[PDB]
Amino acid sequence: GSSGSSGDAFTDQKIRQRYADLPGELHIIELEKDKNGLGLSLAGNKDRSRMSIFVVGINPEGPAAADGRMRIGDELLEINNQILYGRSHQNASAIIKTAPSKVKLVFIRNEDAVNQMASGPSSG
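Just so we're aligned, residue 1115 is where the sequence shown starts under my numbering, counting upward by one.
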């Protein structure tokens, strides 16, 4: 009866409570992919053993920049109903690419993150 794959584990209430243990503050903002998409610089945690996608940059041409909500230090957790926790930053971007114009980004804001992140995308 109009019912298929059930799973309310991606519900905001569950998202905030799931990462409620984190020190920072969960910040869920919707950014409409721009001509290029969600242009954000991701980088693994200083220590490889520690997996975590941080924001060491926010493309001034992307949406995140236009909105003016996302900042440096945010730790992406989920994107378009897809948990990134554990996966490599590279993956995250991939998920967004396949995601539609509108994409729900669920990250955390911690003034200590900047100290945790590696801050080294090594692009060029």
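Even for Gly, the Cβ is constructed at its ideal location relative to N, Cα and C.
Can you name, in chain order, every residue of its own chain whose Cβ lies under 6 Å from the Cβ of residue i, other than the five neighbours on each side?
i            : result
residue 1200 : 1165
residue 1189 : 1166, 1168, 1221, 1222 and 1227
residue 1137 : 1224
residue 1183 : 1143
residue 1218 : 1144
residue 1213 : 1194
Got a sec: does the ligand NAP put a non-hydrogen atom nearer than 6 Å to the Cβ of residue i?
i            : result
residue 1192 : Ligands in the displayed structure: none, and consequently the ligand NAP is not present.
Which residues in the same chain as residue i place their Cβ atom closer than 7 Å to its Cβ, once the five residues preceding and following it in sequence are excluded?
i            : result
residue 1234 : 1157
residue 1206 : 1156, 1167, 1190, 1193 and 1198
Quick check on this structure: which residue in the options has the alpha carbon closest to the alpha carbon of residue i?
i            : options                   : result
residue 1175 : 1237, 1145 and 1220       : 1145
residue 1231 : 1150, 1219, 1153 and 1170 : 1170
residue 1185 : 1150, 1122 and 1143       : 1143
residue 1204 : 1218, 1187 and 1237       : 1237
residue 1229 : 1154, 1119 and 1187       : 1187
So, for residue i: in the same chain, excluding its five sequence neighbours on each side, which residues have a beta-carbon less than 8 Å away from its beta-carbon?
i            : result
residue 1134 : 1140
residue 1177 : 1145, 1146, 1147, 1148, 1151, 1152 and 1153
Going by the CB atoms, is the gap between residue j and residue i shorter than 7 Å?
i            : j            : result
residue 1180 : residue 1172 : no
residue 1224 : residue 1124 : no
residue 1209 : residue 1152 : no
residue 1149 : residue 1215 : no
contact_flag[the segment 1123-1130, the segment 1152-1163] where n(CB pairs < 8 Å) is 3 or more
These segments do not touch.
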